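Structural description and commentary
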Amino acid sequence: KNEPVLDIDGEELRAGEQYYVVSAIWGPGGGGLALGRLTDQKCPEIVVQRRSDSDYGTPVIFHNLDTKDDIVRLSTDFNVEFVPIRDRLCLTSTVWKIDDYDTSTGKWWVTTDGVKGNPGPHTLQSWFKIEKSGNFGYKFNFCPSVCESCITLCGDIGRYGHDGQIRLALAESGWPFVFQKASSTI
């Protein structure tokens, strides 16, 4: 019943399909998203944004809450999975998950080892929404409803710079994105 999220081409986003998630801001707005890792940890890998206007990063795949609908819609919960071309440096899942509360920075990071599937409590940190960021593009947003009796965090997803990488954290201003179907790239 909700409205479909569209790629740069104007076509609706499709569950199952590979897309690049690209910053809706050029130059200093950076490039796209990817798996990356901290100096001092190897697994699970974290979500990062390429500094270069040039690099679209590692494509993702959406999994609808209900695998039966094929359209990724606004303000509907879903799972997001990096689809690394490269062999796994880890056994952890590339599935996005909100991390525990880094006491060190007052931020809730976005990371992997999420759990695709099973809506409800056990998977709460793995479910995300897309919202419209006003005038141009899309922001991600973490406010799950898979558990009608779980008190959870709820926020836009912005970008912060920590120890020389760009990471995604909850914030009250969400950072905007557009989507690029991966085939139409060369």
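The rules behind these values
Residues numbered from 1 in each chain as written, not as in the entry; some residues may be left out. Heavy atoms only, no water. Helix = DSSP H or I, 4+ residues; strand = E, 2+ residues; numbered from the N terminus. Contact = heavy atoms within 4.5 Å. 1 Å grid on protein atoms, 1.4 Å probe; cavity = no way out; pocket = protein on both sides within 12 Å on 5 of 7 lines; lining within 4 Å. Points joined across faces, edges and corners; volume = space filled by probe spheres on them. Buried < 20%, exposed > 50% of the residue type's maximum accessible area, 1.4 Å probe, protein only. Polar contact = N/O pair within 3.5 Å; in protein donor to acceptor, adjacent residues only side chain to side chain. Disulfide = S-S within 2.5 Å.

- X-ray crystallography is the method the PDB entry states for this structure, with the resolution given as 3.00 Å.

With respect to the environment of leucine 124
- Tracing the sequence through the fold places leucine 124 in the loop between β7 (107–111) and β8 (129–132).
- When the C-alpha atoms of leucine 124 and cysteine 143 are compared, they prove to be 9.5 Å apart, with 19 residues separating the residues in sequence.
- Here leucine 124 is in contact with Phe142, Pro144, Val146, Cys147, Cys150 and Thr152, once residues within four sequence places are set aside.

Some points on the layout of surface pockets
- Approximately 280 Å³ is the volume found for the largest pocket.
- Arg50, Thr58, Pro84, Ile85 and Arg86 are, among the 16 residues lining the largest pocket, the residues nearest its centre.
- The volume enclosed by the second largest pocket comes to roughly 240 Å³.
- As for the second largest pocket, its lining consists of 19 residues, of which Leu38, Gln41, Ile46, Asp99 and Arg167 are closest to the centre.
- Of all the elements in the fold, those that place two or more residues in the lining of the second largest pocket are β6 (97–102) and β7.
- The dominant element in the lining of the second largest pocket, judged by the number of residues it contributes, is β6, at four residues.

A short note on the side chain of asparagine 79
- Looking at the secondary structure, you find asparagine 79 in strand β5 (residues 78–82).
- Judged by its relative accessible area of 1%, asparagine 79 falls in the buried class.
- A polar contact is formed between the side chain of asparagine 79 and the backbone oxygen of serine 126, at a distance of 2.8 Å.

Let's talk about the environment of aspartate 77
- Position of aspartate 77 among the secondary structure elements: in the loop between β4 (60–64) and β5.
- Given a relative accessible area of 7%, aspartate 77 falls into the buried group.
- A sequence separation of 46 residues divides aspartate 77 from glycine 31, and the C-alpha atoms of the two residues are 25 Å apart.
- Among residues more than four places away in sequence, those in contact with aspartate 77 are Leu65, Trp127, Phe128, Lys129, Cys143, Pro144, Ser145 and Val146.
- Here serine 145 takes part through its side chain, which lies 2.9 Å from a polar atom of the side chain of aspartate 77.

Brief notes about the state of the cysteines
- On inspection of all chains with the given rule, the structure shows three disulfides.
- The residue that forms a disulfide with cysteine 43 is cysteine 90, at a sulfur-sulfur distance of 2.0 Å. Torsion about the S-S bond of the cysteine 43 and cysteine 90 cystine: about -85°, corresponding to left-handed handedness. Highlighted residues: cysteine 43 in the loop between β2 (33–36) and β3 (46–49) and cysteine 90 in the loop between β5 and β6, separated in sequence by 47 residues.
- Its relative accessible area of 33% is what places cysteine 43 among the partly exposed residues.
- The disulfide partner of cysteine 143 is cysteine 154, and the S-S distance across this bridge is 2.0 Å. Disulfide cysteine 143-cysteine 154: torsion about the S-S bond near -105°, hence left-handed. Here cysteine 154 lies in the loop between β9 (138–142) and β10 (155–162) and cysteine 143 lies in the loop between β9 and β10, a separation of eleven residues in the sequence.
- Under the relative-accessibility criterion, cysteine 143 is labelled partly exposed at 25%.
- Relative accessible area serves as the criterion here: at 49%, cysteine 154 is assigned to the partly exposed category.

Details of unusual backbone geometry
- A cis amide bond links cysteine 43 with the next residue in sequence, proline 44, at an omega value of -15°.
- Its place among the elements puts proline 44 in the loop between β2 and β3.
- Phi at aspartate 113 is positive, roughly 70°, even though this residue is not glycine.
- Tracing the backbone through its elements, the reader meets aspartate 113 in the loop between β7 and β8.

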